[PDB]
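Enquirer: Please see the structure below; I have some questions.
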Amino acid sequence: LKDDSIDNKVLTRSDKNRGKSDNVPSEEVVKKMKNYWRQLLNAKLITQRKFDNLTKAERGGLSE
DNA sequence: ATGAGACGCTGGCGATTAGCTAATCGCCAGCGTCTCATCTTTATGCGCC
């Protein structure tokens, strides 16, 4: 999908740390940044849909 | 006593990939014999209810 909204974007130092280039960020990042994403969720900064997309990787990733 | 519902280039090319009767004409066609007998039938020729 074509998405320019903040719900799909994330600022990083380099795009190679996302994991795979054709799917939602790899399990190495979710199981290492879950505490930081939950702490960003309690701070009312990211929305619930953003956290759900950040956590959708461990839910099954992106099927076809 | 919240967390789902909303999903692509195809058509128009080439270019493979595959496959088929039909219309025209020519060629060329197993054949050789004899014996033996056997019967017919025909042409002509001869007769009155």
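For the structure tokens, the naming scheme is as follows: chains receive sequential letters (A, B, ...) according to their order of presentation, residues are indexed from 1 within each chain, and ligands are indexed from 1 in presentation order.
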Within 10 Å of chain B, which residues of chain A come that close, and what is the closest atom pair and distance in Å for each? Count only C-alpha atoms (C1' of nucleotides) and give it as a tab-separated table.

Expert:
residue	atom	partner	partner_atom	distance
A:1	CA	B:7	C1'	9.4
A:48	CA	B:3	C1'	9.3
A:49	CA	B:3	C1'	9.7
A:64	CA	B:7	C1'	9.2

Enquirer: Chain A: which residues are alpha helix (DSSP H) by DSSP, as an MDAnalysis selection string?

Expert: chainID A and resid 27:42 48:59

Enquirer: Please save N, CA and C atoms of the selected residues as a PDB file, in the first residue's frame.

Expert:
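The resulting file, part-v2.pdb, is reproduced below:
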ATOM      1  N   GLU A  27      11.385  -9.761  13.393  1.00  0.00           N
ATOM      2  CA  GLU A  27      11.240 -10.109  14.806  1.00  0.00           C
ATOM      3  C   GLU A  27      12.394  -9.655  15.696  1.00  0.00           C
ATOM      4  N   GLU A  28      13.591  -9.465  15.122  1.00  0.00           N
ATOM      5  CA  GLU A  28      14.743  -8.966  15.871  1.00  0.00           C
ATOM      6  C   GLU A  28      14.474  -7.581  16.440  1.00  0.00           C
ATOM      7  N   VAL A  29      13.732  -6.751  15.712  1.00  0.00           N
ATOM      8  CA  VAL A  29      13.426  -5.410  16.190  1.00  0.00           C
ATOM      9  C   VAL A  29      12.207  -5.398  17.118  1.00  0.00           C
ATOM     10  N   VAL A  30      11.145  -6.181  16.851  1.00  0.00           N
ATOM     11  CA  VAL A  30       9.978  -6.149  17.741  1.00  0.00           C
ATOM     12  C   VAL A  30      10.342  -6.693  19.128  1.00  0.00           C
ATOM     13  N   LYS A  31      11.100  -7.806  19.189  1.00  0.00           N
ATOM     14  CA  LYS A  31      11.439  -8.395  20.482  1.00  0.00           C
ATOM     15  C   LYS A  31      12.596  -7.685  21.182  1.00  0.00           C
ATOM     16  N   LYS A  32      13.056  -6.564  20.633  1.00  0.00           N
ATOM     17  CA  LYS A  32      14.111  -5.748  21.206  1.00  0.00           C
ATOM     18  C   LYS A  32      13.636  -4.329  21.432  1.00  0.00           C
ATOM     19  N   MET A  33      12.486  -3.955  20.862  1.00  0.00           N
ATOM     20  CA  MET A  33      11.975  -2.603  21.006  1.00  0.00           C
ATOM     21  C   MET A  33      10.539  -2.613  21.518  1.00  0.00           C
ATOM     22  N   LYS A  34      10.066  -3.760  22.034  1.00  0.00           N
ATOM     23  CA  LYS A  34       8.704  -3.839  22.557  1.00  0.00           C
ATOM     24  C   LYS A  34       8.537  -2.962  23.794  1.00  0.00           C
ATOM     25  N   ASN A  35       9.572  -2.901  24.642  1.00  0.00           N
ATOM     26  CA  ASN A  35       9.518  -2.075  25.848  1.00  0.00           C
ATOM     27  C   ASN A  35       9.463  -0.599  25.476  1.00  0.00           C
ATOM     28  N   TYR A  36      10.225  -0.210  24.453  1.00  0.00           N
ATOM     29  CA  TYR A  36      10.254   1.169  23.990  1.00  0.00           C
ATOM     30  C   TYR A  36       8.963   1.550  23.281  1.00  0.00           C
ATOM     31  N   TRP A  37       8.338   0.599  22.592  1.00  0.00           N
ATOM     32  CA  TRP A  37       7.076   0.888  21.924  1.00  0.00           C
ATOM     33  C   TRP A  37       5.930   0.974  22.929  1.00  0.00           C
ATOM     34  N   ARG A  38       5.950   0.129  23.964  1.00  0.00           N
ATOM     35  CA  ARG A  38       4.929   0.206  25.004  1.00  0.00           C
ATOM     36  C   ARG A  38       5.102   1.475  25.839  1.00  0.00           C
ATOM     37  N   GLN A  39       6.356   1.884  26.082  1.00  0.00           N
ATOM     38  CA  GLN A  39       6.593   3.122  26.816  1.00  0.00           C
ATOM     39  C   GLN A  39       6.211   4.336  25.973  1.00  0.00           C
ATOM     40  N   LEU A  40       6.304   4.219  24.645  1.00  0.00           N
ATOM     41  CA  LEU A  40       5.826   5.272  23.762  1.00  0.00           C
ATOM     42  C   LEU A  40       4.313   5.252  23.640  1.00  0.00           C
ATOM     43  N   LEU A  41       3.702   4.110  23.940  1.00  0.00           N
ATOM     44  CA  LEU A  41       2.253   4.009  23.907  1.00  0.00           C
ATOM     45  C   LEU A  41       1.638   4.615  25.161  1.00  0.00           C
ATOM     46  N   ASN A  42       2.282   4.426  26.318  1.00  0.00           N
ATOM     47  CA  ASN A  42       1.762   5.011  27.550  1.00  0.00           C
ATOM     48  C   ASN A  42       1.957   6.519  27.601  1.00  0.00           C
ATOM     49  N   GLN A  48      -2.974   3.958  18.790  1.00  0.00           N
ATOM     50  CA  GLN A  48      -3.139   2.523  18.993  1.00  0.00           C
ATOM     51  C   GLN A  48      -2.896   1.767  17.691  1.00  0.00           C
ATOM     52  N   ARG A  49      -3.322   2.332  16.550  1.00  0.00           N
ATOM     53  CA  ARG A  49      -3.131   1.686  15.253  1.00  0.00           C
ATOM     54  C   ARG A  49      -1.647   1.574  14.912  1.00  0.00           C
ATOM     55  N   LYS A  50      -0.859   2.585  15.297  1.00  0.00           N
ATOM     56  CA  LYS A  50       0.583   2.568  15.061  1.00  0.00           C
ATOM     57  C   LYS A  50       1.245   1.452  15.858  1.00  0.00           C
ATOM     58  N   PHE A  51       0.867   1.309  17.134  1.00  0.00           N
ATOM     59  CA  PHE A  51       1.419   0.238  17.959  1.00  0.00           C
ATOM     60  C   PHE A  51       0.968  -1.122  17.446  1.00  0.00           C
ATOM     61  N   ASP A  52      -0.273  -1.212  16.948  1.00  0.00           N
ATOM     62  CA  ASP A  52      -0.781  -2.465  16.391  1.00  0.00           C
ATOM     63  C   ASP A  52       0.000  -2.856  15.144  1.00  0.00           C
ATOM     64  N   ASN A  53       0.348  -1.875  14.308  1.00  0.00           N
ATOM     65  CA  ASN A  53       1.174  -2.163  13.141  1.00  0.00           C
ATOM     66  C   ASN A  53       2.594  -2.510  13.563  1.00  0.00           C
ATOM     67  N   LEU A  54       3.094  -1.887  14.632  1.00  0.00           N
ATOM     68  CA  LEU A  54       4.427  -2.225  15.114  1.00  0.00           C
ATOM     69  C   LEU A  54       4.437  -3.612  15.745  1.00  0.00           C
ATOM     70  N   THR A  55       3.307  -4.037  16.311  1.00  0.00           N
ATOM     71  CA  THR A  55       3.176  -5.338  16.953  1.00  0.00           C
ATOM     72  C   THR A  55       2.568  -6.391  16.019  1.00  0.00           C
ATOM     73  N   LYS A  56       2.173  -6.018  14.793  1.00  0.00           N
ATOM     74  CA  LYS A  56       1.567  -6.999  13.888  1.00  0.00           C
ATOM     75  C   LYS A  56       2.579  -8.031  13.394  1.00  0.00           C
ATOM     76  N   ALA A  57       3.881  -7.729  13.500  1.00  0.00           N
ATOM     77  CA  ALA A  57       4.930  -8.657  13.082  1.00  0.00           C
ATOM     78  C   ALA A  57       4.860  -9.960  13.872  1.00  0.00           C
ATOM     79  N   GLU A  58       4.768  -9.862  15.202  1.00  0.00           N
ATOM     80  CA  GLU A  58       4.708 -11.038  16.066  1.00  0.00           C
ATOM     81  C   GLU A  58       3.337 -11.709  16.036  1.00  0.00           C
ATOM     82  N   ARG A  59       2.338 -11.056  15.446  1.00  0.00           N
ATOM     83  CA  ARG A  59       0.984 -11.572  15.304  1.00  0.00           C
ATOM     84  C   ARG A  59       0.841 -12.455  14.074  1.00  0.00           C
TER      85      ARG A  59
END

Enquirer: Hey, can you check how far atom CA of residue 44 of chain A sits from atom CA of residue 25 of chain A?

Expert: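 These two atoms are separated by 22.0 Å.
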
Enquirer: Please measure the separation of atom CA of residue 4 of chain A and atom CA of residue 17 of chain A, giving the value in Å to one decimal.

Expert: 20.0 Å

Enquirer: What is the atom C1' of residue 5 of chain B to atom CA of residue 7 of chain A distance in Å?

Expert: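 It comes out at 17.5 Å.
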